[PDB]
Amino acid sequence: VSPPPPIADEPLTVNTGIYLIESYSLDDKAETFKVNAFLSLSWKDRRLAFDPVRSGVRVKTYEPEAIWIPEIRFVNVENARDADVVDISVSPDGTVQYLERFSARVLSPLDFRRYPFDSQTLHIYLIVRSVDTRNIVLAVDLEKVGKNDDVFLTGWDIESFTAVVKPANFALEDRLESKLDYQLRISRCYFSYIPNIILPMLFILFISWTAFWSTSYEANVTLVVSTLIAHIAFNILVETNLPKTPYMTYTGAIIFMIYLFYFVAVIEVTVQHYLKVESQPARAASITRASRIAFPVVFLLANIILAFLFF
């Protein structure tokens, strides 16, 4: 079997559509997501045309092997899609209507800069390669692009599923390629990060600041060092859920900054003890009283600056 011949010297237009049935397994570390969807294809093959009267049929059904079908592939997939043909219908003018249901693991880069208050644009790139006989170009049938109402992505909110209607036509290995961009816009469900990571992390930090109302060096060392260790645990927990980035994430910036607060609190606790041993407590008292205001104030201003730089 060979591609449909051109009346005149035009490319063969293959109309496409993707209808999402299921969206699952968004892996942050791997920067992948799994998809289960319908892929619809449509093109004109004059060689398959028929007269309805003498045939007695308004439509003709074919097996994929019986007719010419364009070799449509996904660019950003781990392995080739698992596909099963649902229907192949031919109308009198030879207009072919192809429908398959597929499942695929899609590679799509993620921007973690605003994590866990981040939004992403996931991409599904559809592609066709031209043949020596003729050039094959892709188009979007907007009536056949969509998603099931029940489509849910655990830990995320699904905003939209749209297609960039104009294909990216270019040369690859001395043959022309026609590429379409299907976009799935999602926003992260940040809720759980507040009672599980953010507030526990703030509680332990505020607990370390009780050392500014204590003259007991031994108790102060215990307060600041113990809470620091708990902060290390939260830092480790956060970085296990994320890939390594050449940039700072919003959460990563806060976590890093809190180390500086623990480090300066240790210096204060040391300075206070040293002065008291040196029989200079009036002075140590001035530093401790200033610290009671300075630590929460600098923490608030530094957080306003960070939120501003990131959002």
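In case it trips you up, residue 1 is the first one in the sequence shown, and so on.
Remark: stretch with higher mean C-alpha B factor among 59-67 and 29-37 is 59-67. Higher average CA B factor: 68-76, of the stretches 68-76 and 102-110. Note on 123, 179, 231, 134: the highest value goes to 134, judged by CA B factor as recorded. Highest CA B-factor among the listed residues (92, 200, 155, 116): 92. Ranked within its chain, residue 53 lands in the highest third, by CA B factor from the PDB record. In this PDB entry, the Cα temperature factor of residue 170 sits in the middle third of its chain's modelled residues. Residue 161 sits in the middle third of its chain by CA B factor, as recorded in the PDB entry. In this PDB entry, residue 144 carries a Cα temperature factor that places it within the highest third of its chain's modelled residues.
When the CA B factors of the chain's modelled residues are split into thirds, the value for residue 284 lands in the middle one.
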